[PDB]
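Have a look at query11.cif; it's mmCIF, C-alpha atoms:
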data_protein
loop_
_atom_site.label_atom_id
_atom_site.label_comp_id
_atom_site.auth_asym_id
_atom_site.auth_seq_id
_atom_site.Cartn_x
_atom_site.Cartn_y
_atom_site.Cartn_z
CA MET A 1 41.03 28.72 3.15
CA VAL A 2 38.90 30.09 6.00
CA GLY A 3 41.56 30.30 8.72
CA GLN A 4 43.59 32.58 6.47
CA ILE A 5 40.70 35.05 6.31
CA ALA A 6 40.00 34.70 10.04
CA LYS A 7 43.61 35.73 10.57
CA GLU A 8 43.38 38.59 8.05
CA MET A 9 40.13 39.78 9.62
CA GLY A 10 41.40 39.17 13.15
CA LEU A 11 38.33 37.03 13.84
CA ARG A 12 37.95 33.53 15.23
CA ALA A 13 36.06 30.90 13.22
CA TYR A 14 35.06 27.38 14.27
CA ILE A 15 33.57 24.26 12.71
CA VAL A 16 30.59 23.68 14.97
CA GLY A 17 27.91 21.16 15.91
CA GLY A 18 27.02 17.67 14.75
CA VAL A 19 29.48 18.04 11.88
CA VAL A 20 32.32 17.87 14.41
CA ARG A 21 30.72 14.77 15.93
CA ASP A 22 30.48 13.09 12.53
CA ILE A 23 34.12 13.97 11.88
CA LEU A 24 35.05 12.31 15.18
CA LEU A 25 33.05 9.32 13.98
CA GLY A 26 34.99 9.58 10.73
CA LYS A 27 31.74 10.19 8.84
CA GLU A 28 32.17 11.97 5.50
CA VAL A 29 30.18 15.22 5.46
CA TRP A 30 29.79 17.79 2.67
CA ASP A 31 27.52 20.09 4.67
CA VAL A 32 29.58 22.21 7.06
CA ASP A 33 28.36 24.62 9.74
CA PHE A 34 30.52 27.37 11.24
CA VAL A 35 30.22 29.69 14.22
CA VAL A 36 32.32 32.84 14.24
CA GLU A 37 33.44 35.26 16.91
CA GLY A 38 33.63 38.32 14.72
CA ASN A 39 31.53 39.32 11.76
CA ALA A 40 30.53 35.93 10.36
CA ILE A 41 28.75 37.41 7.36
CA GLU A 42 31.74 39.51 6.26
CA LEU A 43 34.02 36.50 6.67
CA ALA A 44 31.76 34.36 4.52
CA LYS A 45 31.29 37.04 1.86
CA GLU A 46 35.06 37.48 1.70
CA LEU A 47 35.45 33.72 1.38
CA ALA A 48 32.99 33.51 -1.51
CA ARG A 49 34.64 36.57 -3.02
CA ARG A 50 38.07 34.93 -3.04
CA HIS A 51 36.67 31.63 -4.33
CA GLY A 52 34.58 33.63 -6.79
CA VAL A 53 31.35 31.81 -5.96
CA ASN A 54 27.89 33.07 -5.04
CA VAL A 55 27.00 34.01 -1.47
CA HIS A 56 23.51 34.37 0.05
CA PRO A 57 23.52 36.76 3.05
CA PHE A 58 20.99 36.71 5.90
CA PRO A 59 21.33 39.83 8.13
CA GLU A 60 18.20 38.95 10.12
CA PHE A 61 19.56 35.64 11.39
CA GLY A 62 23.13 36.91 11.20
CA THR A 63 24.24 34.04 8.98
CA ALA A 64 25.38 33.45 5.40
CA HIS A 65 25.02 30.45 3.09
CA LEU A 66 27.51 29.83 0.29
CA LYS A 67 28.12 26.75 -1.86
CA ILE A 68 31.33 25.51 -3.47
CA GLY A 69 31.05 22.51 -5.78
CA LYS A 70 28.60 20.12 -4.13
CA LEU A 71 30.08 21.14 -0.78
CA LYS A 72 27.75 23.44 1.16
CA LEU A 73 28.95 25.99 3.72
CA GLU A 74 27.02 27.91 6.36
CA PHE A 75 28.55 30.67 8.49
CA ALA A 76 26.72 31.72 11.63
CA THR A 77 27.44 34.50 14.11
CA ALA A 78 28.01 33.43 17.72
CA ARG A 79 24.89 34.12 19.78
CA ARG A 80 23.28 33.33 23.13
CA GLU A 81 19.83 32.62 21.68
CA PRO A 94 28.25 39.61 21.34
CA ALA A 95 28.73 36.07 22.67
CA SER A 96 31.72 33.76 23.14
CA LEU A 97 31.95 30.41 21.36
CA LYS A 98 31.29 28.66 24.68
CA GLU A 99 28.00 30.52 25.08
CA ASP A 100 26.96 29.59 21.55
CA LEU A 101 27.87 25.96 22.25
CA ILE A 102 26.09 25.62 25.60
CA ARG A 103 22.78 26.62 23.99
CA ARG A 104 22.67 23.46 21.87
CA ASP A 105 20.98 20.13 22.54
CA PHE A 106 23.40 17.36 23.48
CA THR A 107 26.99 16.81 24.62
CA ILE A 108 28.03 15.19 21.33
CA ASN A 109 26.55 18.23 19.59
CA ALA A 110 28.22 20.61 22.03
CA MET A 111 31.76 20.55 20.62
CA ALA A 112 33.70 22.53 18.00
CA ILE A 113 37.02 22.54 16.12
CA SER A 114 39.22 25.54 15.33
CA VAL A 115 40.06 26.39 11.73
CA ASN A 116 42.01 29.32 13.16
CA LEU A 117 45.71 29.11 12.36
CA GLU A 118 47.29 29.04 15.85
CA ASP A 119 45.03 26.45 17.53
CA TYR A 120 44.17 24.61 14.29
CA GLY A 121 43.44 20.95 15.00
CA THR A 122 42.27 21.57 18.56
CA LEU A 123 38.95 20.06 19.62
CA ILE A 124 37.18 22.17 22.24
CA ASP A 125 35.05 20.19 24.69
CA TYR A 126 33.70 22.03 27.74
CA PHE A 127 30.87 19.71 28.70
CA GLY A 128 32.56 16.34 28.36
CA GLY A 129 30.92 15.69 25.01
CA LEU A 130 33.95 13.66 23.96
CA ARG A 131 33.93 11.92 27.33
CA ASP A 132 30.26 11.04 26.84
CA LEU A 133 30.95 10.23 23.19
CA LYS A 134 32.83 6.96 23.74
CA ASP A 135 30.38 5.69 26.36
CA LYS A 136 27.52 5.79 23.85
CA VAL A 137 25.61 8.37 25.88
CA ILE A 138 23.04 11.01 24.96
CA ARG A 139 23.41 13.81 27.50
CA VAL A 140 21.71 17.21 27.58
CA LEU A 141 23.71 20.27 28.60
CA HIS A 142 21.28 21.79 31.11
CA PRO A 143 18.48 20.14 33.15
CA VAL A 144 15.73 22.30 31.61
CA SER A 145 16.84 21.31 28.09
CA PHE A 146 13.63 19.39 27.38
CA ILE A 147 11.19 21.98 28.70
CA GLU A 148 13.20 24.54 26.73
CA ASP A 149 12.86 22.72 23.40
CA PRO A 150 10.30 19.85 23.56
CA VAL A 151 11.36 18.54 20.11
CA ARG A 152 14.51 17.24 21.83
CA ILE A 153 12.28 14.62 23.50
CA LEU A 154 12.16 12.91 20.13
CA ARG A 155 15.62 14.01 18.98
CA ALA A 156 17.53 12.37 21.84
CA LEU A 157 15.72 9.09 21.25
CA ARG A 158 16.39 9.42 17.52
CA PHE A 159 20.12 9.77 18.11
CA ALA A 160 20.01 6.95 20.65
CA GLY A 161 18.31 4.93 17.93
CA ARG A 162 20.83 5.53 15.17
CA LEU A 163 24.11 5.37 17.07
CA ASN A 164 22.93 2.72 19.55
CA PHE A 165 23.38 5.20 22.39
CA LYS A 166 21.95 5.00 25.90
CA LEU A 167 20.42 8.03 27.62
CA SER A 168 22.14 9.24 30.79
CA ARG A 169 20.17 8.82 34.03
CA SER A 170 19.32 12.51 34.42
CA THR A 171 18.50 12.73 30.70
CA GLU A 172 16.04 9.84 30.92
CA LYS A 173 14.45 11.24 34.08
CA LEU A 174 13.95 14.71 32.61
CA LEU A 175 12.74 13.12 29.40
CA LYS A 176 9.99 11.09 31.03
CA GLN A 177 9.12 14.14 33.13
CA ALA A 178 8.74 16.38 30.07
CA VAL A 179 6.69 13.68 28.35
CA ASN A 180 4.49 13.26 31.42
CA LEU A 181 4.06 17.05 31.46
CA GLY A 182 2.43 16.66 28.06
CA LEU A 183 4.72 19.29 26.56
CA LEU A 184 4.69 17.15 23.42
CA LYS A 185 1.11 18.14 22.64
CA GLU A 186 1.65 21.82 23.43
CA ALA A 187 4.84 21.98 21.37
CA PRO A 188 4.75 23.65 17.91
CA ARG A 189 3.38 21.12 15.42
CA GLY A 190 5.56 21.89 12.40
CA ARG A 191 8.76 21.18 14.29
CA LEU A 192 7.48 17.80 15.49
CA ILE A 193 6.31 16.91 11.99
CA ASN A 194 9.75 17.79 10.61
CA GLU A 195 11.56 15.81 13.31
CA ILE A 196 9.40 12.76 12.63
CA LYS A 197 10.00 13.22 8.89
CA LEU A 198 13.68 13.23 9.82
CA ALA A 199 13.30 10.05 11.88
CA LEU A 200 11.84 7.93 9.07
CA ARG A 201 14.87 8.68 6.91
CA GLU A 202 16.97 6.59 9.29
CA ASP A 203 17.65 2.91 8.59
CA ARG A 204 17.75 2.54 12.37
CA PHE A 205 14.20 3.93 12.32
CA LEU A 206 12.75 0.75 13.84
CA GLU A 207 14.94 1.10 16.95
CA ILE A 208 13.86 4.73 17.16
CA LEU A 209 10.31 3.36 17.08
CA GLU A 210 11.31 1.06 19.94
CA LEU A 211 12.40 4.06 22.01
CA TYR A 212 9.24 5.84 20.87
CA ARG A 213 7.08 3.03 22.24
CA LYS A 214 9.18 2.90 25.41
CA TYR A 215 8.77 6.59 26.22
CA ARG A 216 5.28 6.72 24.67
CA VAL A 217 5.84 9.75 22.46
CA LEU A 218 3.49 8.84 19.59
CA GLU A 219 0.56 8.53 22.00
CA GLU A 220 1.01 12.20 22.91
CA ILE A 221 1.24 13.07 19.22
CA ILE A 222 -1.27 11.13 17.13
CA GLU A 223 -4.95 11.11 18.08
CA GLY A 224 -6.40 7.83 19.34
CA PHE A 225 -3.15 5.93 18.89
CA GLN A 226 -2.17 2.98 21.08
CA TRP A 227 0.19 0.01 20.77
CA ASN A 228 -0.49 -3.72 20.41
CA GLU A 229 1.74 -6.76 19.87
CA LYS A 230 0.45 -7.57 16.37
CA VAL A 231 1.58 -4.21 14.98
CA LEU A 232 5.05 -4.72 16.47
CA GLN A 233 5.42 -8.21 14.99
CA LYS A 234 4.22 -6.93 11.60
CA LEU A 235 6.85 -4.19 11.89
CA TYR A 236 9.66 -6.70 12.47
CA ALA A 237 8.39 -8.84 9.59
CA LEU A 238 8.18 -5.65 7.53
CA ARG A 239 11.85 -5.07 8.30
CA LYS A 240 12.58 -8.59 7.06
CA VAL A 241 10.72 -7.88 3.81
CA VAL A 242 12.47 -4.53 3.37
CA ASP A 243 15.89 -6.12 3.89
CA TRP A 244 15.16 -8.91 1.42
CA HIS A 245 13.82 -6.57 -1.28
CA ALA A 246 16.66 -4.09 -0.83
CA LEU A 247 19.01 -7.06 -1.13
CA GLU A 248 17.56 -8.60 -4.30
CA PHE A 249 16.79 -5.50 -6.38
CA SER A 250 19.00 -2.48 -5.70
CA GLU A 251 17.65 -0.40 -8.59
CA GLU A 252 14.00 -0.81 -7.55
CA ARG A 253 14.56 0.86 -4.17
CA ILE A 254 12.01 3.29 -2.73
CA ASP A 255 11.43 5.11 0.55
CA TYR A 256 10.82 2.33 3.06
CA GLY A 257 10.44 4.58 6.10
CA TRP A 258 6.88 5.36 5.02
CA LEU A 259 5.69 1.74 5.00
CA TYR A 260 6.34 1.35 8.73
CA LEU A 261 4.30 4.50 9.31
CA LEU A 262 1.52 2.92 7.25
CA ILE A 263 1.78 -0.07 9.60
CA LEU A 264 1.41 2.21 12.62
CA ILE A 265 -1.63 4.12 11.33
CA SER A 266 -3.33 1.10 9.72
CA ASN A 267 -5.61 0.63 12.74
CA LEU A 268 -6.54 4.31 12.86
CA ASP A 269 -9.52 5.87 11.08
CA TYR A 270 -9.34 6.89 7.43
CA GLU A 271 -10.30 10.54 7.98
CA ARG A 272 -7.81 11.55 10.67
CA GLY A 273 -5.21 9.28 9.10
CA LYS A 274 -5.64 11.09 5.79
CA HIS A 275 -5.41 14.42 7.61
CA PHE A 276 -2.28 13.11 9.32
CA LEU A 277 -0.54 11.97 6.14
CA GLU A 278 -1.43 15.32 4.59
CA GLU A 279 0.00 16.88 7.75
CA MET A 280 3.20 14.94 7.09
CA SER A 281 3.27 16.11 3.46
CA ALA A 282 3.80 12.51 2.34
CA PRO A 283 4.46 11.52 -1.31
CA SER A 284 1.54 10.65 -3.61
CA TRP A 285 2.17 6.90 -3.83
CA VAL A 286 2.21 6.74 -0.03
CA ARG A 287 -1.28 8.21 0.35
CA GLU A 288 -2.46 6.09 -2.59
CA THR A 289 -1.12 2.95 -0.93
CA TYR A 290 -2.85 4.07 2.28
CA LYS A 291 -6.21 4.58 0.56
CA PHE A 292 -5.81 1.24 -1.19
CA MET A 293 -4.82 -0.36 2.12
CA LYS A 294 -7.94 0.83 3.93
CA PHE A 295 -10.65 -0.01 1.38
CA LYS A 296 -9.74 -2.52 -1.31
CA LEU A 297 -6.87 -4.45 0.32
CA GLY A 298 -9.10 -7.04 2.01
CA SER A 299 -10.80 -8.15 -1.20
CA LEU A 300 -7.38 -8.05 -2.86
CA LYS A 301 -5.92 -10.57 -0.40
CA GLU A 302 -9.17 -12.54 -0.67
CA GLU A 303 -8.97 -13.01 -4.44
CA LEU A 304 -5.19 -13.39 -4.15
CA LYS A 305 -5.49 -16.47 -1.95
CA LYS A 306 -8.20 -17.73 -4.31
CA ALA A 307 -5.86 -17.52 -7.30
CA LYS A 308 -5.14 -20.96 -8.74
CA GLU A 309 -3.01 -19.69 -11.62
CA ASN A 310 0.08 -17.48 -11.72
CA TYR A 311 -1.14 -15.35 -14.65
CA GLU A 312 -4.17 -14.18 -12.69
CA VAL A 313 -1.77 -13.09 -9.96
CA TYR A 314 0.20 -11.30 -12.68
CA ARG A 315 -2.94 -9.47 -13.83
CA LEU A 316 -3.82 -8.58 -10.23
CA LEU A 317 -0.38 -7.35 -9.16
CA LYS A 318 0.55 -5.54 -12.38
CA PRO A 319 -1.45 -2.32 -11.85
CA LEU A 320 -0.41 -2.33 -8.19
CA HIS A 321 2.41 -0.18 -6.84
CA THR A 322 5.65 -1.87 -5.76
CA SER A 323 5.08 -0.75 -2.16
CA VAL A 324 1.68 -2.45 -2.22
CA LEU A 325 3.32 -5.74 -3.21
CA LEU A 326 6.05 -5.38 -0.59
CA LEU A 327 3.24 -4.83 1.90
CA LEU A 328 1.50 -7.95 0.59
CA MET A 329 4.67 -9.94 1.25
CA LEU A 330 3.86 -9.88 4.99
CA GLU A 331 1.41 -12.79 4.78
CA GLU A 332 3.25 -16.08 5.30
CA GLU A 333 1.13 -17.87 2.69
CA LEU A 334 1.47 -15.13 0.06
CA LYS A 335 5.28 -14.86 0.19
CA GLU A 336 6.26 -17.32 -2.54
CA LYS A 337 3.58 -15.89 -4.83
CA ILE A 338 4.95 -12.35 -4.56
CA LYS A 339 8.51 -13.63 -4.98
CA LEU A 340 7.38 -15.56 -8.06
CA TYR A 341 5.84 -12.42 -9.55
CA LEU A 342 8.93 -10.34 -8.82
CA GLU A 343 11.66 -12.67 -10.06
CA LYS A 344 9.76 -14.59 -12.76
CA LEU A 345 6.26 -13.67 -13.96
CA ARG A 346 6.76 -10.01 -14.90
CA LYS A 347 9.92 -10.82 -16.86
CA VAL A 348 8.04 -12.66 -19.61
CA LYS A 349 8.81 -11.41 -23.13
CA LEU A 350 8.13 -12.66 -26.67
CA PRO A 351 9.55 -13.18 -30.21
CA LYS A 352 8.81 -11.34 -33.47
CA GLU A 353 7.33 -13.83 -35.97
CA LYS A 354 4.52 -14.74 -33.58
CA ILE A 355 3.44 -11.09 -33.28
CA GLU A 356 3.51 -10.77 -37.07
CA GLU A 357 1.34 -13.86 -37.55
CA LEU A 358 -1.07 -12.47 -34.95
CA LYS A 359 -1.21 -9.24 -36.95
CA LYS A 360 -1.55 -11.35 -40.11
CA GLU A 367 -7.29 -7.41 -30.60
CA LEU A 368 -3.48 -7.39 -30.59
CA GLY A 369 -3.00 -6.83 -26.86
CA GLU A 370 -5.87 -9.22 -26.24
CA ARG A 371 -4.06 -12.08 -27.97
CA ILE A 372 -0.85 -10.92 -26.30
CA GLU A 373 -2.45 -11.46 -22.90
CA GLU A 374 -3.85 -14.72 -24.26
CA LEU A 375 -0.35 -16.00 -25.06
CA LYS A 376 0.88 -14.68 -21.72
CA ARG A 377 -1.93 -16.73 -20.20
CA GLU A 378 -0.67 -19.71 -22.22
CA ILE A 379 3.01 -19.59 -21.25
CA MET A 380 2.95 -18.10 -17.73
CA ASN A 381 1.16 -21.12 -16.22
CA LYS A 382 4.25 -23.33 -16.54
#

In structure tokens, write the structure found in this file.
Amino acid sequence: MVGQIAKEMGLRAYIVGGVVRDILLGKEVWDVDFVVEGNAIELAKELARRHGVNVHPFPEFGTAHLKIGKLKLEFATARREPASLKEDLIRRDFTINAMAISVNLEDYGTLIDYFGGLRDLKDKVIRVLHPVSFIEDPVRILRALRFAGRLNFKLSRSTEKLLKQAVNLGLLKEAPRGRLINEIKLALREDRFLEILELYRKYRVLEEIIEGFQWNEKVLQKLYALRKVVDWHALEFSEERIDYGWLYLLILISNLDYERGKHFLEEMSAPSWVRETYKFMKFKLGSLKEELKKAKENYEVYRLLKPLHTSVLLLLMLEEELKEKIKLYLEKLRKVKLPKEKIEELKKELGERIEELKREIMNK
């Protein structure tokens, strides 16, 4: 498709960035990024023209976004921020992100690795292209770790050194906030997010981000246990799934004050139920656990846990003594239903007697 046009236009187009990496990992990807030596915008517009789809141009950035089916295509002009593909590649973050593949007809199927990205790919290594990479873009401080968290990659010696230097320089605090917030929002999406938190604690990034935040053993243990709970719940009910990456965050900020924690969650643009679970965690959770341990009957637990959010219950599953109760509610208590004739005899106040009968049966 594209290579044809690149030939017709006498340009040179390349699949570029992490997409190439994911292809080398065999990962299926429907979002594809290109870098073009030529007019990238004209190439893209011609592509969309031939395919007869819509194309959104961006002259300012020098890029164009067009979508075909559910497959999304971006076409960027080669730049040093004309410039060669190598220049556009060397300005990126890491070696695994530094490669590209030609869709051009002659060299089609050729992977281009200048920096040994493929060499450093098999060794499970996160390696920056230039030594000032971190001071250049402080967000990378997190990013590297994030990658190292997901792919189980180890940082190269120089990379680690420069990382801890940049961190110690406090560039994290003086870095643009929105970018950091977005990167952290990107980190929670990972299922390897806990390992990323491990690297976070190791290189002490959160301490330079969140005000008055420090680490203790209890939080860590509760995070591991939280992972256990998450795994179990994801296992049992696959249709009840939610965003788990937030809960861990709620475990991290649980010690912090309500005001700055609220400001922080608002700063993260978190979902409603998350902030609601936070507010309910701060104030009324203690009395909740109190009267939960004091519950002699299962129906009272039903009444208590019914208005609660699912996340709240999953968070209540942490307590060793409260586990079987929560499990009972999930797989038994809430599944109680009734017949017809009984309802009709009750009708000869309704919901009252309904809860009365629930109170009758649910205690067995």

Return the single residue from A:156, A:110, A:242, A:247 that is closest to residue 126 (chain A), with distances computed using all atoms listed in the file.
-> A:110

Hits from the PyMOL selection byres ((chain A and resi 315) around 12), listed as number ranges by chain | A: 300, 303-304, 307, 309-314, 316-320, 341, 345-346, 373-374, 376-377, 380

Put those residues in a file: C-alpha atoms, as a PDB file, keeping the file's coordinate frame.
ATOM      1  CA  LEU A 300      -7.380  -8.050  -2.860  1.00  0.00           C
ATOM      2  CA  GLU A 303      -8.970 -13.010  -4.440  1.00  0.00           C
ATOM      3  CA  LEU A 304      -5.190 -13.390  -4.150  1.00  0.00           C
ATOM      4  CA  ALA A 307      -5.860 -17.520  -7.300  1.00  0.00           C
ATOM      5  CA  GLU A 309      -3.010 -19.690 -11.620  1.00  0.00           C
ATOM      6  CA  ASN A 310       0.080 -17.480 -11.720  1.00  0.00           C
ATOM      7  CA  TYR A 311      -1.140 -15.350 -14.650  1.00  0.00           C
ATOM      8  CA  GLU A 312      -4.170 -14.180 -12.690  1.00  0.00           C
ATOM      9  CA  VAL A 313      -1.770 -13.090  -9.960  1.00  0.00           C
ATOM     10  CA  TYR A 314       0.200 -11.300 -12.680  1.00  0.00           C
ATOM     11  CA  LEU A 316      -3.820  -8.580 -10.230  1.00  0.00           C
ATOM     12  CA  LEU A 317      -0.380  -7.350  -9.160  1.00  0.00           C
ATOM     13  CA  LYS A 318       0.550  -5.540 -12.380  1.00  0.00           C
ATOM     14  CA  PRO A 319      -1.450  -2.320 -11.850  1.00  0.00           C
ATOM     15  CA  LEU A 320      -0.410  -2.330  -8.190  1.00  0.00           C
ATOM     16  CA  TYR A 341       5.840 -12.420  -9.550  1.00  0.00           C
ATOM     17  CA  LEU A 345       6.260 -13.670 -13.960  1.00  0.00           C
ATOM     18  CA  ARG A 346       6.760 -10.010 -14.900  1.00  0.00           C
ATOM     19  CA  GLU A 373      -2.450 -11.460 -22.900  1.00  0.00           C
ATOM     20  CA  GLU A 374      -3.850 -14.720 -24.260  1.00  0.00           C
ATOM     21  CA  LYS A 376       0.880 -14.680 -21.720  1.00  0.00           C
ATOM     22  CA  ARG A 377      -1.930 -16.730 -20.200  1.00  0.00           C
ATOM     23  CA  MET A 380       2.950 -18.100 -17.730  1.00  0.00           C
TER      24      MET A 380
END

Could you give me, as a Markdown table, every region 153-205 of chain A residue with an atom at most 9 Å from region 270-290 of chain A, plus its closest atom pair and distance in Å to one decimal, counting only C-alpha atoms, rows ordered by chain then number?
| residue | atom | partner | partner_atom | distance |
| --- | --- | --- | --- | --- |
| A:190 | CA | A:279 | CA | 8.8 |
| A:193 | CA | A:280 | CA | 6.1 |
| A:194 | CA | A:280 | CA | 8.0 |
| A:196 | CA | A:280 | CA | 8.6 |
| A:197 | CA | A:280 | CA | 7.2 |

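Using all atoms listed in the file, the nearest neighbour of residue 198 (chain A) within the list A:354, A:301, A:79, A:158 is A:158.
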
Would you work out the distance separating CA of residue 18 (chain A) from CA of residue 108 (chain A), expressed in Å to one decimal?
-> 7.1 Å

Given the file shown, determine the residues that the PyMOL selection byres ((chain A and resi 56) around 12) selects; report them as a ChimeraX atom specification.
-> /A:41-42,44-45,48-49,53-55,57-59,62-67,72-75

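Minimum atom-to-atom distance to residue 47 (chain A), evaluated using all atoms listed in the file, belongs to A:4 out of A:381, A:226, A:168, A:4.
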
Min atom-atom distance to residue 100 (chain A) from the set A:358, A:36, A:178, A:20, counting all atoms listed in the file, belongs to A:36

Grab the CA of residue 210 (chain A) to CA of residue 161 (chain A) distance for me, in Å with one decimal place.
-> 8.2 Å

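CA of residue 188 (chain A) sits 13.2 Å away from CA of residue 154 (chain A).
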
Please enumerate the residues selected by the PyMOL selection byres ((chain A and resi 112-121) around 6) when evaluated against the supplied file, formatted as a compact mmCIF listing (two decimals) with C-alpha atoms, in the coordinates of the input.
# COMPACT_ATOMS: atom_id res chain seq x y z
CA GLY A 3 41.56 30.30 8.72
CA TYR A 14 35.06 27.38 14.27
CA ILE A 15 33.57 24.26 12.71
CA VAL A 16 30.59 23.68 14.97
CA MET A 111 31.76 20.55 20.62
CA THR A 122 42.27 21.57 18.56
CA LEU A 123 38.95 20.06 19.62
CA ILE A 124 37.18 22.17 22.24

Which neighbours of residue 164 (chain A) fall inside 10 Å, counting all atoms listed in the file, when residues of the same chain fewer than 6 positions from it are skipped, and could you give them as a ChimeraX atom specification?
-> /A:136-138,157-158,204,207-208

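Minimum distance to residue 378 (chain A) across A:9, A:232, A:327, A:348 (counting all atoms listed in the file) occurs at A:348.
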
List as a compact mmCIF listing (two decimals) with C-alpha atoms, keeping the file's coordinate frame the protein and nucleic acid residues near residue 228 (chain A), meaning an atom at most 12 Å away when only C-alpha atoms are counted, but skip any in the same chain fewer than 5 places from it.
# COMPACT_ATOMS: atom_id res chain seq x y z
CA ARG A 213 7.08 3.03 22.24
CA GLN A 233 5.42 -8.21 14.99
CA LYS A 234 4.22 -6.93 11.60
CA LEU A 235 6.85 -4.19 11.89
CA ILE A 263 1.78 -0.07 9.60
CA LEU A 264 1.41 2.21 12.62
CA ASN A 267 -5.61 0.63 12.74

Could you give me the centre and size, in Å to one decimal, of an axis-aligned box around all listed atoms of region 204-222 of chain A with 5 Å added on every side, as AutoDock Vina command-line options?
--center_x 8.2 --center_y 6.9 --center_z 19.3 --size_x 29.0 --size_y 22.3 --size_z 23.9

Can you pull out every residue within 9 Å of residue 103 (chain A), counting only C-alpha atoms, but drop anything in the same chain fewer than 6 positions away, and send it as a PDB file with C-alpha atoms, keeping the file's coordinate frame?
ATOM      1  CA  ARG A  79      24.890  34.120  19.780  1.00  0.00           C
ATOM      2  CA  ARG A  80      23.280  33.330  23.130  1.00  0.00           C
ATOM      3  CA  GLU A  81      19.830  32.620  21.680  1.00  0.00           C
ATOM      4  CA  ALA A 110      28.220  20.610  22.030  1.00  0.00           C
ATOM      5  CA  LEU A 141      23.710  20.270  28.600  1.00  0.00           C
ATOM      6  CA  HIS A 142      21.280  21.790  31.110  1.00  0.00           C
ATOM      7  CA  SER A 145      16.840  21.310  28.090  1.00  0.00           C
TER       8      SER A 145
END

With N, CA and C atoms retained, output region 236-248 of chain A as a tab-separated table (two decimals), in the first residue's frame.
chain	number	residue	atom	x	y	z
A	236	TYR	N	1.41	-6.31	48.03
A	236	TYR	CA	1.52	-7.70	47.57
A	236	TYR	C	0.20	-8.45	47.80
A	237	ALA	N	-0.33	-8.33	49.01
A	237	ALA	CA	-1.62	-8.93	49.34
A	237	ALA	C	-2.72	-8.41	48.41
A	238	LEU	N	-2.66	-7.12	48.09
A	238	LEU	CA	-3.60	-6.53	47.15
A	238	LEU	C	-3.48	-7.19	45.79
A	239	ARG	N	-2.25	-7.52	45.40
A	239	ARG	CA	-2.05	-8.22	44.13
A	239	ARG	C	-2.69	-9.60	44.19
A	240	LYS	N	-2.55	-10.27	45.33
A	240	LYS	CA	-3.20	-11.56	45.52
A	240	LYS	C	-4.72	-11.45	45.34
A	241	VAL	N	-5.32	-10.47	46.01
A	241	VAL	CA	-6.76	-10.23	45.92
A	241	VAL	C	-7.19	-9.94	44.48
A	242	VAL	N	-6.44	-9.08	43.81
A	242	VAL	CA	-6.72	-8.71	42.42
A	242	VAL	C	-6.68	-9.93	41.51
A	243	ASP	N	-5.66	-10.77	41.68
A	243	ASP	CA	-5.53	-11.98	40.88
A	243	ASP	C	-6.70	-12.92	41.12
A	244	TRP	N	-7.06	-13.12	42.39
A	244	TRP	CA	-8.18	-14.00	42.72
A	244	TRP	C	-9.50	-13.52	42.13
A	245	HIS	N	-9.77	-12.22	42.28
A	245	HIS	CA	-11.03	-11.65	41.80
A	245	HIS	C	-11.11	-11.66	40.28
A	246	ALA	N	-10.00	-11.33	39.63
A	246	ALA	CA	-9.93	-11.38	38.17
A	246	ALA	C	-10.14	-12.81	37.69
A	247	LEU	N	-9.62	-13.76	38.46
A	247	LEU	CA	-9.80	-15.18	38.16
A	247	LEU	C	-11.26	-15.61	38.24
A	248	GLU	N	-11.89	-15.36	39.39
A	248	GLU	CA	-13.24	-15.85	39.64
A	248	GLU	C	-14.30	-15.21	38.74
